[PDB]
């Protein structure tokens, strides 16, 4: 008498096809997916400080468009800009808009601090019907519209040192009147000028008179600029007309702050990884949801599926 001992390995009826170096498709016993390709559709409000901009863009919140007054001194980990946002104050452009948006977004705070600028010889707090705060005329809460005082507008020449141990962000501007009349009625000088400087930088902008498309009653415009003052440096504003002066500075922070465009609803949950399509889990190494991401996210990839084999080759007897 004899015995028979046979050696073998399992098989399953439901194989998975996988890719190797030598095969486009080969069946293994089991596999796991490595590409995250679905979202809940919603941005989890933890663990990042989410700040929904609703109808406001970050720039409008920064400047202080009335309907964006809610946002004064706010702070975010991730500011979410909605497509339904609209601007509703004096018409403006920011030369190099992307940059200002980026640098404020990365700072992560709108913390504003008023300073005692003295404007000798000019009317302050100009306002307009294009920018209503409450029922009567208004302006950007963080900007101060200067005009003539008693038929003269003298060469303004104010100073303001940085004596703190942190960087100051000044947002200022210049006014482009539509007509030659409007220029003189407001600033007396036929042609104005703003020069803002520190020991490091200097910027001179010369207003340019003419008509632009009608916005909220206006054919004129304001152009927004910015200056960062270093500890130990000093801001020098100097203008013989058309200055849209700052009221103070924004505090500049460094951290994990950013901004994102998304119309996805915020929601009470936890996800480390945000994408404009919503939050996504980050167990898998790759994702296919969106190249735009914030947080601890899988690497964006072109594939929508990558199977990693977790079992042997599958060879059923049938």
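Residue numbers count along the first chain shown, from 1.
J.: Of the two stretches 76-84 and 235-243, which shows the higher Cα B-factor on average in the entry?
T.: Looking at the recorded C-alpha B-factors, 235-243 comes out higher on average.
J.: When the C-alpha temperature factors are averaged for each of 149-157 and 107-115, which stretch ends up with the higher value in the entry?
T.: Averaging CA B-factors over each stretch, the winner is 149-157.
J.: If you rank the chain by CA B-factor, which third does residue 95 end up in: lowest, middle or highest?
T.: According to the entry, residue 95 has a C-alpha B-factor in the chain's lowest third.
J.: Among the modelled residues of its chain, does the C-alpha B-factor of residue 185 lie in the lowest, middle or highest third?
T.: Answer is highest: the recorded C-alpha B-factor places it there.
J.: Pull the Cα B-factor of residue 175 out of the PDB entry and bin it into the chain's lowest, middle or highest third.
T.: Ranked within chain, residue 175 CA B lands in the middle tercile.
J.: For residue 268, return the chain-relative third of its C-alpha B-factor as stated in the PDB record: lowest, middle or highest.
T.: Highest third, going by the recorded CA B-factors of the chain.
J.: Using the B-factor values recorded in the entry, state whether the Cα atom of residue 230 falls in the lowest, middle or highest third among the modelled residues of its chain.
T.: Its C-alpha B-factor, which the entry lists for residue 230, ranks in the highest third among residues of this chain.
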